[PDB]
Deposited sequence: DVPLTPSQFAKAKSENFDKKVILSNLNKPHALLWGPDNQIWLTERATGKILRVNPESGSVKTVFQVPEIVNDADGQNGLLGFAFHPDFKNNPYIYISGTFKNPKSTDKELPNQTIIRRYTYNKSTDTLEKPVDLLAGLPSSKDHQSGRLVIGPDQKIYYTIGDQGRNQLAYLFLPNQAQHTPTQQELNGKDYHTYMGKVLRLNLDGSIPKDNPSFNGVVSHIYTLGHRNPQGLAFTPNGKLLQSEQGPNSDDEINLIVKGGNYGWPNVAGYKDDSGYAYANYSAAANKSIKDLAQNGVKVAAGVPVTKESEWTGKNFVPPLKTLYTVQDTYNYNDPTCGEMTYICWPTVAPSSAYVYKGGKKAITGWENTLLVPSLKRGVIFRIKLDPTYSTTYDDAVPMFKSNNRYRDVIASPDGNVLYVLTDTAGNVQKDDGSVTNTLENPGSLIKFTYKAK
């Protein structure tokens, strides 16, 4: 899709909803879920805390704090994945993923907890999968349980080929040899959607990549922070792209989503793959022109020159631009990146309506934006096979929306906002003054 203008974003205020801030100053609130007890449960990435909030009173209880969660002030690491067992009433388990120190500097671990109703706390931790890659950038970490009773987990590309990890070789396209696999060497588990048994083992029916069946379900991902099943069993996803081409994807077994060789469509438009890990020397700068313009010494491959297989294009890009696009626009001052044609999608939620469903929201996907301060509504057809029209911005504000859910009746939305960061103002200019720092906000349909 084509980028919206600052003016089109600005007018998306959603006057049809009543806003009520339930909590503020949470410490990097990250994920929220409608609980099996009909209470709002949410995580604090920074502290490892799992909070349960009473929707009516806003009353908060710190149900549990995951011990030894490692978090960097300037990183996207910490407590990430969070889900309940689908049949909680009979299988009182909570699944999480987190950044922990790797004895063998960090690792990501997927772990199960048992919820104790009588003591109201989490207990009996079991590490399902440990030794996973870890870094300060592009961790992803969305964790869901599918209709097939498997764990689906997004693990980002770790930030390789940009910023502080500029010269590390991106592994989004790499998959394990049986040897690595036998040694539980999961270094290729970057830029992937993993599928695992509820006990952490490899599903016998997982896709085969280069002759090996591992935890990988799909590959070629950058930073997929949104993952949600539809009522008919399909898997929708949102993913952060570089300077362009954030994506909405449909996740299909064994698919290759192209990163980093391809961003968005295979269109050679507005992006090219500059592999700094192959650059002549580690002294060259990243011009930050999305590979369209690069410094001498770095090998660039067009999306059309890539030779990978099973490439699956996105359903929708936010956004795609042409080679002439200016990635250095002097409107976002020293925070140029905020003016890039992206929306920085932080999650992905399948709206399921209910007895008070919101008019016209059937088969929609809600996708919160960090840098634009809106929540997008994206319509699909009734079979969730295609999108209809464009991503509609809602709830415009000077906030970084991090996650969103709806109440069972469907007439109330609950959203989380970031504690700090940059957001685009009504006039396209950049601000780090967030209206609702680290909040739990409720939007009630009038």
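- Unmodelled regions (deposited sequence positions with no C-alpha coordinates, counted from 1) are 105-110, 453-454.
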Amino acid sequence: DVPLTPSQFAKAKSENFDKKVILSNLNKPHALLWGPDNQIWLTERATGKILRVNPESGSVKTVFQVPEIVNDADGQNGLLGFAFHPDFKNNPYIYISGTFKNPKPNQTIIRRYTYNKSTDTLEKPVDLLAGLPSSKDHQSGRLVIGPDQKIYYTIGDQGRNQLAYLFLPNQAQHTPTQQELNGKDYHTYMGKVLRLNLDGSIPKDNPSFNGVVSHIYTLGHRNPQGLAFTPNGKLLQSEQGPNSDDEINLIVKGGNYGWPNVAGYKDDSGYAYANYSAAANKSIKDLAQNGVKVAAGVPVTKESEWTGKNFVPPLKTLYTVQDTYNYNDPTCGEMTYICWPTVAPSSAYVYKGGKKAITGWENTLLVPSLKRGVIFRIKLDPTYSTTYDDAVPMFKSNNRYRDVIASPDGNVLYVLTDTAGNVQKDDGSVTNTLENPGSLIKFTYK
From here on, numbers count along this sequence of modelled residues.
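Superpose the two forms; the largest set of C-alphas matching within 1.5 Å is the rigid core.
- When the other structures are laid on the shown form by the core, the C-alphas of 62-70 and 49-57 differ in how far they drift in 5 other deposited structures of this protein; the larger average drift belongs to 49-57.
- Looking at 376-384 and 23-31, the one farther from the shown form in 5 other deposited structures of this protein by average CA distance, after a rigid core fit, turns out to be 23-31.
- The stretch 172-180 shows the higher mean C-alpha B-factor when 172-180 is compared against 253-261 in the entry.
- With 224-232 and 143-151 compared on mean CA B-factor from the PDB entry, the stretch scoring higher is 143-151.
- Listed residues 369, 317, 328, 206 were ranked by CA B-factor as deposited; 328 comes out on top.
- In this structure the maximum Cα B-factor among 163, 110, 338, 83 is found at 338.
- Residue 300 sits in the middle third of its chain by CA B factor, as recorded in the PDB entry.
- Sort the modelled residues of the chain by CA B factor and residue 238 lands in the lowest third.
- Among the modelled residues of its chain, residue 272 has a C-alpha B-factor that falls in the lowest third according to the deposited record.
- Among the modelled residues of the chain, residue 96 sits in the middle third by CA temperature factor in this PDB entry.
- Split the chain's modelled residues into thirds by C-alpha temperature factor. Residue 266 is in the lowest one.
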